[PDB]
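Each remark here refers to the structure printed beneath this line.
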Amino acid sequence: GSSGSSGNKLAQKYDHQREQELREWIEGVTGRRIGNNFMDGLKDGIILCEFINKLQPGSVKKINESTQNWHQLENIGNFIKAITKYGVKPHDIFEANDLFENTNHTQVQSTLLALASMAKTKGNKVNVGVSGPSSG
């Protein structure tokens with residue numbers, strides 16, 4: 001589709017291109033306003049639990065909704081594990097601290113990049129530029 005890049009640069013670092021393709025997919029499926037801060041907004045861990053839930057009926061049994069942190073952690077824990085069964089290898093999944101302690105952003109992004117492909121085959125509406133197992 002119409003899109004000027006004039007770069008065609010392939011890297012592993014945080015891609016600002018996909019960042020817009022992910023938030024646009026999640027913010028839609030689930031229905032939560034991730035907001036500017038792609039991380040902080042996803043830190044809560046809620047949007048995550050619901051994300052894998054919308055794709056698989058039963059992913060996350062129950063989710064905690066509060067303004068605390070301790071609870072936010074537990075949530076992310078259920079998701080990361082939920083996405084593991086759906087169709088996401090543990091070698092491409094982020095850690096609870098990666099999203100919680102925002103110690104790693106790319107690690108979390110890469111995880112989603114794959115998820116999108118897991119929902120595509122099934123028959124979902126994904127707006128992420130991810131074709132086949134792109135590793136590199």
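Every chain in the structure tokens has a letter given in the order shown (A, B, ...), and although residue numbers restart at 1 in each chain, ligands are simply numbered from 1 in the order shown.
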> Contacts of range 109-118 of chain A at 7 Å or less, counting only C-alpha atoms, minus same-chain residues fewer than 4 places along, as an NGL selection string?
Replying inline: :A and (87-88 or 92-94 or 105 or 122 or 126 or 128 or 130)
> What lies within 10 Å of residue 79 in chain A using only C-alpha atoms, ignoring chain neighbours under 6 positions off, as a ChimeraX atom specification?
Replying inline: /A:45-53,59-61,63,96
> What is the distance, in Å and to one decimal place, between CA of residue 35 in chain A and CA of residue 90 in chain A?
Replying inline: 27.5 Å
> DSSP says alpha helix (DSSP H) for which residues of range 14-78 of chain A? Put them as a PyMOL selection string?
Replying inline: chain A and resi 16-29+38-43+46-55+70-78
Export of the given selection (C-alpha atoms) as a compact mmCIF listing (two decimals), in the first residue's frame:
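See out30.txt below for the written result:
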```txt
# COMPACT_ATOMS: atom_id res chain seq x y z
CA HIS A 16 8.70 2.37 14.72
CA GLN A 17 6.89 0.99 11.67
CA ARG A 18 5.53 -2.13 13.35
CA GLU A 19 4.88 -0.23 16.58
CA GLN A 20 2.09 1.53 14.70
CA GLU A 21 0.90 -1.73 13.15
CA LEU A 22 0.65 -3.44 16.54
CA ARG A 23 -1.10 -0.76 18.59
CA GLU A 24 -3.57 -0.38 15.71
CA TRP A 25 -4.29 -4.11 15.91
CA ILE A 26 -4.52 -4.43 19.69
CA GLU A 27 -6.32 -1.16 20.41
CA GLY A 28 -8.91 -2.55 18.02
CA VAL A 29 -9.28 -6.22 18.94
CA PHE A 38 3.04 1.86 23.90
CA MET A 39 4.82 0.36 26.91
CA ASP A 40 3.33 2.09 29.95
CA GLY A 41 -0.08 1.51 28.38
CA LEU A 42 0.66 -2.19 27.99
CA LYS A 43 2.49 -2.35 31.32
CA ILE A 46 -4.50 -6.22 31.36
CA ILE A 47 -4.71 -5.38 27.65
CA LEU A 48 -2.34 -8.32 27.23
CA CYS A 49 -4.48 -10.89 29.05
CA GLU A 50 -7.52 -9.75 27.06
CA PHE A 51 -5.50 -9.75 23.84
CA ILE A 52 -4.75 -13.48 23.84
CA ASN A 53 -8.27 -13.97 25.22
CA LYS A 54 -9.97 -12.36 22.22
CA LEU A 55 -8.06 -14.78 20.00
CA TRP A 70 1.20 -6.25 42.40
CA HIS A 71 -1.96 -7.22 40.52
CA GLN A 72 -0.60 -5.93 37.21
CA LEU A 73 2.24 -8.44 37.54
CA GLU A 74 0.02 -11.49 38.03
CA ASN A 75 -1.91 -10.51 34.90
CA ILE A 76 1.12 -10.41 32.60
CA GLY A 77 1.99 -13.80 34.04
CA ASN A 78 -1.23 -15.39 32.80
```
> Looking at only C-alpha atoms, which of A:12, A:95, A:30, A:101 is the one that sits closest to residue 135 in chain A?
Replying inline: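 Nearest candidate to residue 135 in chain A out of A:12, A:95, A:30, A:101: A:12.
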>> Need the shell around residue 56 in chain A: protein/DNA/RNA residues with any atom at most 10 Å away, counting only C-alpha atoms. Skip same-chain ones fewer than 6 positions apart. Format as a PyMOL selection string?
In response: chain A and resi 50+82-83+85-86+119
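Here CA of residue 103 in chain A stands at a distance of 16.8 Å from CA of residue 15 in chain A.
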> Can you tell me how far CA of residue 132 in chain A sits from CA of residue 9 in chain A, in Å to one decimal?
Replying inline: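 Going from CA of residue 132 in chain A over to CA of residue 9 in chain A covers 18.4 Å.
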